[PDB]
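Structure first, commentary second.
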Amino acid sequence: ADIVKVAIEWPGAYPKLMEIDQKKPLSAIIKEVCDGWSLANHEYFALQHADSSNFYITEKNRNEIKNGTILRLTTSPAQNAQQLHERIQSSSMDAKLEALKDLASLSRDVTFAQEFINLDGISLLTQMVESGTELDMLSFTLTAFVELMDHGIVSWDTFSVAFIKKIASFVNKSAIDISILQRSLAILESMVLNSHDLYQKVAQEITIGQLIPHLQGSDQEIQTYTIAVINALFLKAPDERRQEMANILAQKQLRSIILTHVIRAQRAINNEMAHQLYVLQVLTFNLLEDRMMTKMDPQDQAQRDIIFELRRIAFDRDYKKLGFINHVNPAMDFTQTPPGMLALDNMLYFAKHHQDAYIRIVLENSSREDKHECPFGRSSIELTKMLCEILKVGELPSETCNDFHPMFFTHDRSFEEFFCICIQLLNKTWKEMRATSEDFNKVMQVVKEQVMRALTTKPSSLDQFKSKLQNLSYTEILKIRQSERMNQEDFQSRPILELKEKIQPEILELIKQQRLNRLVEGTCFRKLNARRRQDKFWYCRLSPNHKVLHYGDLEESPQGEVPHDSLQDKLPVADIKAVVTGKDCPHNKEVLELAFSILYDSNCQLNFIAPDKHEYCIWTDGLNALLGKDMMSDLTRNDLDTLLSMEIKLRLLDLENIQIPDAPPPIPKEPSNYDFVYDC
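Going letter by letter, the sequence shown gives residues 5 to 139, 153 to 333, 354 to 624, 634 to 726 in PDB author numbering.
In structure tokens, the structure reads:
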């Protein structure tokens, strides 16, 4: 279709109508136009949309050619450029002002960004910034500047460390408008992301004391900003430096602020922000992996002072009762990270935190010679490390997740709370198991399960999490799972099995109907590299035809829905070829498991992100149905069989409490009496 039909504008006319030969060039038919329009130097005139923000149409944007509207011909983009390189580059508040609002818009332009690099837009801005007499329209300035630096073509150094100090003032100024100082921040943290020196002197441009009130501002956005900022703050430092860093940090009762304006933010937290928080958490955590990484020198004494006086508090070979792995020197076990020194720290923590309950435990099992004393050094390091990994401390997330644990904010060392709670439930369920030293691991394992399933609670409070300790079941859980298993086994009995297979297809069908509903409702989608206020999130709906998806756009937000229609709206469905998952979204890692690329006409396709494995299966399988394909996540089969179960229960009812014929009695010969017996 190397043609496109169009109605066409000009100041002072009616629409020239071009079924542009697309095989005819941009500029060839451009001159066709402009000299069918007397626009001398036809090439001095570029084409955007006549309509909204109207970005020019290049190979890609002319790949972004469409039909059904009218377009904006105007000066060349570099022509436009030098024009503003007059207007904004003039102190003509009219010219600078209007053209500047314009340029702020344009700078979504990355082409003219290249062009304007070449008009040295940045020198212009650095000027208009460092230079405007107590400078609004400069909101446009930064706006542009932003989308430019965004375009990332940008090097960054030209923002001079001195001009950067100008920044440190702009921010150090009366906190500039949400727009203003916010974007300031944004680019700041960016330049941070670029290089060492940048980050360094950024610190040498900032204080936390600065940073603090701004987050104490209520704006979810402003917070989110300086939040991710401080995230980066810890991202780059030297631990040495970064120690003193964290030190002052929490030393601002920091978590209190967290609590009040964020945790106690009823006005919820940008899943953006909240994600940064996910992160922040991770960081705060890994800070300490160091000690989790720090092993031991058993031959040393000072540690032995530590451990003896602890035992002594716990009391006041000589360690045999103390049920380590080793009673001559369990210190070797802590020349092993995980946890190394970490577990010793923890025991000290439960102690000074709960010397009462602490020594209570100490003598609890170190006393019983049944099969239910506890392997103390063993259990200790066990819990320690198992946590760590269940946490995966020392790790680097991605922008992956927007979720967290406020319980770990319900104390600064809210871990050590978790630690001791774990030891509580630990001996507790140990005895719910009345376990013995071997099973321990599995115990731990199930313990992990426990906590996992306890963290399946997505709890909020360590003490709500003790309410969760309550909510626990010792073994009703394995009951639920393997019970579904064994009932499936029973129903597999032959005569029981018979109609199972037969109906199970349309059982699945029912599934598929609901799937139909689902795909019609349509869901959000987190895009890729669509951070920084692009609809990374983007939702969906669908025509009951099922045949043109009517998809949409969203954002990673605090509160609720935001179904704002996008060009991510409409697409004929059955044309679609298929969908892949994971790797073939081809570019953390865990999101691969939620990555899946819907591919259709040859490359017209998209990589894709589900909001959950639920939604993964949801789309995957509903799609399967759309492609007449079978559904996969045997969660779906779980359903099927649940459905199955009671359904055929109905059929057990047909002969309730009547013996199961496994060996089916045959069909005796049909009596030839078609002289029937009784009429009917």
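Think of the CB as a built atom: it goes at the ideal place given N, C-alpha and C, for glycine as much as any other residue.
Pick helix, strand or coil for residue i, following the three-state DSSP scheme.
{"i": "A249", "result": "helix"}
{"i": "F477", "result": "helix"}
{"i": "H231", "result": "helix"}
{"i": "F574", "result": "strand"}
{"i": "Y588", "result": "strand"}
{"i": "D647", "result": "coil"}
{"i": "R450", "result": "coil"}
{"i": "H624", "result": "coil"}
{"i": "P542", "result": "helix"}
{"i": "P717", "result": "coil"}
{"i": "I33", "result": "helix"}
{"i": "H278", "result": "helix"}
{"i": "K389", "result": "helix"}
{"i": "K20", "result": "strand"}
{"i": "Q529", "result": "coil"}
{"i": "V399", "result": "helix"}
{"i": "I613", "result": "coil"}
{"i": "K182", "result": "helix"}
{"i": "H442", "result": "coil"}
{"i": "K9", "result": "coil"}
{"i": "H53", "result": "strand"}
{"i": "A254", "result": "coil"}
{"i": "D658", "result": "coil"}
{"i": "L565", "result": "coil"}
{"i": "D25", "result": "strand"}
{"i": "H601", "result": "strand"}
{"i": "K607", "result": "strand"}
How about residue i and residue j: do their beta carbons lie closer than 8 Å?
{"i": "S417", "j": "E410", "result": "no"}
{"i": "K183", "j": "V133", "result": "yes"}
{"i": "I92", "j": "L128", "result": "yes"}
{"i": "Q298", "j": "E238", "result": "no"}
{"i": "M309", "j": "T372", "result": "no"}
{"i": "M166", "j": "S207", "result": "yes"}
{"i": "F387", "j": "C459", "result": "no"}
{"i": "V37", "j": "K20", "result": "yes"}
{"i": "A291", "j": "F441", "result": "yes"}
{"i": "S643", "j": "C663", "result": "no"}
{"i": "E222", "j": "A185", "result": "yes"}
{"i": "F157", "j": "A99", "result": "no"}
{"i": "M378", "j": "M313", "result": "yes"}
{"i": "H587", "j": "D572", "result": "no"}
{"i": "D687", "j": "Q525", "result": "yes"}
{"i": "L591", "j": "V599", "result": "yes"}
{"i": "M481", "j": "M423", "result": "yes"}
{"i": "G431", "j": "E306", "result": "yes"}
{"i": "residue 730", "j": "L123", "result": "Because the chain spans 5 through 726 in this model, residue 730 falls outside it and cannot be assessed."}
{"i": "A285", "j": "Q596", "result": "yes"}
{"i": "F49", "j": "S80", "result": "yes"}
Below 8 Å on the Cβ atoms is my contact criterion, and I expect residue i with residue j to pass it. Report the Cβ-Cβ distance as a whole number of Å.
{"i": "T243", "j": "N287", "result": "Not quite, the Cβ-Cβ distance comes to about 13 Å (not below 8 Å), so this is no contact."}
{"i": "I229", "j": "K269", "result": "6 Å"}
{"i": "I33", "j": "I7", "result": "Not quite, the Cβ-Cβ distance comes to about 10 Å (not below 8 Å), so this is no contact."}
{"i": "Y511", "j": "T437", "result": "Going by Cβ atoms, the distance from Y511 to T437 rounds to 34 Å, so no, they are not a contact pair."}
{"i": "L428", "j": "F302", "result": "6 Å"}
{"i": "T115", "j": "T62", "result": "6 Å"}
{"i": "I398", "j": "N464", "result": "6 Å"}
{"i": "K505", "j": "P496", "result": "5 Å"}
{"i": "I225", "j": "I265", "result": "6 Å"}
{"i": "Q541", "j": "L690", "result": "6 Å"}
{"i": "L300", "j": "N363", "result": "Actually they are not in contact, since the Cβ atoms of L300 and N363 sit about 35 Å apart, beyond 8 Å."}
Any heavy atom of the ligand GDP inside 7 Å of the beta-carbon of residue i?
{"i": "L556", "result": "This structure does not include the ligand GDP; it has no bound ligands of any sort."}
Examine chain E for any beta-carbon lying closer than 8 Å to the beta-carbon of residue i, and answer yes or no.
{"i": "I514", "result": "Although the question refers to chain E, the structure presented lacks it and comprises just one protein chain."}
contact_flag[the region 169-178, the region 205-215] where n(CB pairs < 8 Å) is 3 or more: yes
Runs of beta strand (DSSP E) lying entirely within the region 71-120, each at least 3 residues, in chain order: 75-79
Touch check for the region 548-559 and the region 571-585: three-plus C-beta pairs under 8 Å? yes
Can at least three beta-carbon pairs, one atom from the region 267-287 and one from the region 433-452, be found at a separation below 8 Å? yes
Should the region 544-551 be called in touch with the region 562-575, which here means at least 3 C-beta pairs below 8 Å? no
Is the region 48-56 close to the region 75-91, with three or more CB pairs under 8 Å? yes
Any contact between the region 612-619 and the region 662-678? By contact I mean 3 or more CB pairs, one from each, below 8 Å. yes
Curious, which full-length alpha helix (DSSP H) runs of at least 4 residues does the region 292-317 contain? 306-310
Does the structure place the region 361-369 close enough to the region 313-331 that three or more beta carbon pairs sit under 8 Å? yes
Counting pairs of beta carbons, one from the region 529-544 and one from the region 696-708, are three or more of them closer than 8 Å? yes
Across the region 78-86 and the region 114-128, are there enough close Cβ pairs to call them in contact, namely three or more that are closer than 8 Å? yes
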